[PDB]
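Step one of this worksheet: look at the structure below.
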Amino acid sequence: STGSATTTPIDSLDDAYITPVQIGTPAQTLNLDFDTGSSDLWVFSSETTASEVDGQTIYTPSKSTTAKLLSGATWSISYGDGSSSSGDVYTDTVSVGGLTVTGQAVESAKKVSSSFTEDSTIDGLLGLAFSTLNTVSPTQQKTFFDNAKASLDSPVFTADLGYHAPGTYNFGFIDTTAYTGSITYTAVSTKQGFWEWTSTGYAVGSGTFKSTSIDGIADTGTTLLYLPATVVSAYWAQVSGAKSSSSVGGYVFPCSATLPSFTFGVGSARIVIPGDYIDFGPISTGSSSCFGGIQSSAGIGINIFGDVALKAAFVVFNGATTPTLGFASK
Ligand SMILES: C#CCN(C)Cc1nc([C@]2(O)CN[C@@H](c3nc(-c4ccccc4)no3)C2)cs1
Ligand SMILES: C#CCN(C)Cc1nc([C@]2(O)CN[C@@H](c3nc(-c4ccccc4)no3)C2)cs1
């Protein structure tokens, strides 16, 4: 089997991407944030505290003939920005882009933190990291991909995110029309539950390439590119007036600037992030200070190849017995 679904930025900054997902019978379509950095599929629901729902579409398990309470199961998760959610669990039929999993754990939120309430366009998350990170207790649950994997034509999914434009998640096949040149595959470590890999270095703008190993994760659920402070300083030093602002919480730059590209290494191949992809626009409406799309990982403890990086590439998440990641230019 295969599936293919379009993913769409939630706002003019590409802060996140949402993908329609069918849950239950008859289908209830919710727009979920596909997150290769976590492993829970959770939704706003008829159980979510009413004061914490503000415009989201909710899943109502009592209206699904295929929903079953996963008795005694609870979940509770935090994300890297400090956002969080928790609740109980149903199993139900879940379809993405024509690919169906029966008996998928659908984690129903009883509580969500303020950032989720505020994101009226995000109806929940669909985790695509390894199932070892799933938070359901006492019986850990599998991700949608892990459940689908054995049925797929090939045990893979691909992320083809757009820059201020829609893109595609495919399951089970590699669309050879979606990228240029070749896909370079690189080894993955699952030791922390992530799609964790080692970039071979970087370049800033037209500069020469610096060969250096950068361990990090491929995370569609993170907006920005978080890299070591050394690398990030070398990038922003090329932008007149750019500086790290403690009040804003990262590097800002004059909105009058034109940003250099940033290249990262995948084996002997290179992915070039255009400078425009690094511009997140005014820090507040009307400001002439713009927020940078490359930020330090120093306070996080892990480097994160988030959407800024991934949207410059066609990315293969190969979930074969020995997992790998593939990157191609596009
Ligand atoms: C701090 C620290 C160390 N580590 C926990 C950092 C990491 N953090 C992650 C993710 O929590 C998983 N992916 C990302 C994600 N955030 C969201 C999201 C958050 C709020 C609103 C909407 C979406 N969705 O996905 C970040 C992996 S490693
Ligand atoms: C312009 C503009 C809007 N604003 C002033 C700047 C922006 N801010 C963002 C965030 O993506 C939103 N959440 C923040 C955050 N995320 C994490 C984090 C992510 C993953 C793992 C660990 C930590 N830490 O802080 C930055 C986009 S534009």
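The way I read the labels, and the way they are meant: chains A, B, ... in the order of the structure tokens, residue 1 as the first residue of every chain, and ligand 1 as the first ligand shown, with later ones counted on from there.
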TODO: Can you tell me which residues come within 6 Å of ligand 2 when counting only C-alpha atoms and all ligand atoms, ideally as a ChimeraX atom specification?
DONE: /A:15,80-81,222-224,280-283,291,300
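Identified as lying at most 6 Å from ligand 1 when counting only C-alpha atoms and all ligand atoms are the residues residues 35, 37, 38, 79, 80, 83, 115, 116, 219, 221, 222, 300 and 301 of chain A.
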inquiry  = Could you list, as a ChimeraX atom specification, every residue within 9 Å of segment 237-239 of chain A, counting only C-alpha atoms and ignoring same-chain residues fewer than 6 positions away?
reply    = /A:204-205,253-254,257-260
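Distances to residue 272 of chain A were evaluated for A:12, A:322, A:296, A:329 using only C-alpha atoms, and the minimum falls at A:329.
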Show me, as number ranges by chain, the residues that have an atom within 12 Å of residue 208 of chain A when counting only C-alpha atoms, minus same-chain residues fewer than 3 positions from it. A: 201-205, 211, 262-264
Checklist entry - Would you give me, as a list in words, the residues in segment 45-108 of chain A that DSSP reads as helix (DSSP H, G or I)? => result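 For segment 45-108 of chain A, the helix (DSSP H, G or I) set is residues 50, 51, 52, 61, 62 and 63 of chain A.
Atom CA of residue 39 of chain A sits 12.0 Å away from atom CA of residue 192 of chain A.
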Using only C-alpha atoms, the shortest atom-to-atom distance to residue 145 of chain A among A:95, A:189, A:48, A:65 belongs to A:95
Spatial neighbours of residue 197 of chain A, max dist 12 Å, only C-alpha atoms, sep filter under 2 positions, as a ChimeraX atom specification
/A:185-195,199-200,213-219,265-267,302-305,317,323-327
What would the file look like if the residues just selected were written as a short mmCIF file (atom, residue, chain, number, x, y, z; two decimals), in the first residue's frame with N, CA and C atoms?
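Writing done, so here's part.cif:
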```cif
data_model
loop_
_atom_site.label_atom_id
_atom_site.label_comp_id
_atom_site.auth_asym_id
_atom_site.auth_seq_id
_atom_site.Cartn_x
_atom_site.Cartn_y
_atom_site.Cartn_z
N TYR A 185 21.91 9.01 0.91
CA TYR A 185 21.49 8.38 2.15
C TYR A 185 22.60 8.40 3.19
N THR A 186 22.22 8.55 4.44
CA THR A 186 23.16 8.66 5.54
C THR A 186 22.60 7.89 6.73
N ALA A 187 23.52 7.34 7.53
CA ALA A 187 23.11 6.44 8.60
C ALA A 187 22.34 7.16 9.71
N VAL A 188 21.40 6.45 10.30
CA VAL A 188 20.59 6.94 11.42
C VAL A 188 20.92 6.16 12.68
N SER A 189 21.02 6.88 13.79
CA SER A 189 21.02 6.27 15.12
C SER A 189 19.63 6.43 15.72
N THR A 190 19.08 5.33 16.23
CA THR A 190 17.80 5.35 16.92
C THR A 190 17.97 5.34 18.43
N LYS A 191 19.20 5.55 18.91
CA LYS A 191 19.47 5.38 20.33
C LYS A 191 18.69 6.35 21.21
N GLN A 192 18.35 7.53 20.70
CA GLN A 192 17.54 8.48 21.45
C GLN A 192 16.09 8.52 20.97
N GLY A 193 15.71 7.63 20.05
CA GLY A 193 14.36 7.58 19.53
C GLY A 193 14.09 8.51 18.37
N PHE A 194 15.08 9.27 17.91
CA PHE A 194 14.90 10.25 16.85
C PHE A 194 15.50 9.74 15.55
N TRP A 195 15.18 10.47 14.47
CA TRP A 195 15.87 10.31 13.19
C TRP A 195 17.17 11.12 13.30
N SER A 199 25.57 15.33 10.02
CA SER A 199 25.92 16.15 8.88
C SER A 199 27.44 16.26 8.81
N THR A 200 27.95 16.41 7.59
CA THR A 200 29.38 16.43 7.33
C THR A 200 29.96 17.85 7.31
N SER A 213 31.75 17.36 11.82
CA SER A 213 30.62 16.47 12.08
C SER A 213 29.62 17.18 12.97
N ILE A 214 28.36 17.21 12.54
CA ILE A 214 27.30 17.84 13.30
C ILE A 214 26.20 16.80 13.49
N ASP A 215 26.16 16.17 14.66
CA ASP A 215 25.07 15.28 15.00
C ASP A 215 23.80 16.10 15.17
N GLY A 216 22.68 15.59 14.66
CA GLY A 216 21.42 16.27 14.90
C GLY A 216 20.27 15.40 14.46
N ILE A 217 19.05 15.94 14.61
CA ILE A 217 17.87 15.18 14.27
C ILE A 217 17.11 15.85 13.13
N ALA A 218 16.48 15.02 12.28
CA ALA A 218 15.60 15.53 11.23
C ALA A 218 14.21 15.64 11.84
N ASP A 219 13.72 16.87 12.05
CA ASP A 219 12.51 17.11 12.86
C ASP A 219 11.55 18.04 12.12
N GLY A 265 26.10 19.66 4.81
CA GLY A 265 26.59 18.46 4.16
C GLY A 265 25.78 17.23 4.53
N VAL A 266 25.54 16.38 3.53
CA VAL A 266 24.98 15.05 3.73
C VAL A 266 25.95 14.13 3.01
N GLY A 267 26.79 13.41 3.77
CA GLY A 267 27.88 12.69 3.13
C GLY A 267 28.68 13.65 2.29
N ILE A 302 20.67 19.43 21.78
CA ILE A 302 20.65 18.61 20.58
C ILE A 302 20.52 19.57 19.41
N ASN A 303 21.20 19.26 18.31
CA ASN A 303 21.03 20.02 17.09
C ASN A 303 19.80 19.53 16.36
N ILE A 304 19.05 20.45 15.78
CA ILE A 304 17.76 20.13 15.17
C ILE A 304 17.70 20.68 13.76
N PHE A 305 17.64 19.78 12.79
CA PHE A 305 17.40 20.13 11.39
C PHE A 305 15.89 20.18 11.26
N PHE A 317 12.70 9.23 4.92
CA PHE A 317 12.79 8.62 6.25
C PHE A 317 12.64 7.12 6.00
N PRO A 323 17.81 1.73 9.65
CA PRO A 323 17.18 2.96 9.15
C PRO A 323 18.22 3.91 8.60
N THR A 324 17.79 4.69 7.62
CA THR A 324 18.65 5.72 7.07
C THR A 324 17.78 6.93 6.74
N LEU A 325 18.45 8.04 6.49
CA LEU A 325 17.82 9.25 6.00
C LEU A 325 18.41 9.57 4.65
N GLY A 326 17.57 9.98 3.73
CA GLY A 326 18.01 10.41 2.41
C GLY A 326 17.69 11.87 2.20
N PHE A 327 18.60 12.59 1.57
CA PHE A 327 18.36 13.99 1.20
C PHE A 327 18.69 14.18 -0.27
#
```
From atom CA of residue 285 of chain A to atom CA of residue 306 of chain A the spacing works out at 24.3 Å
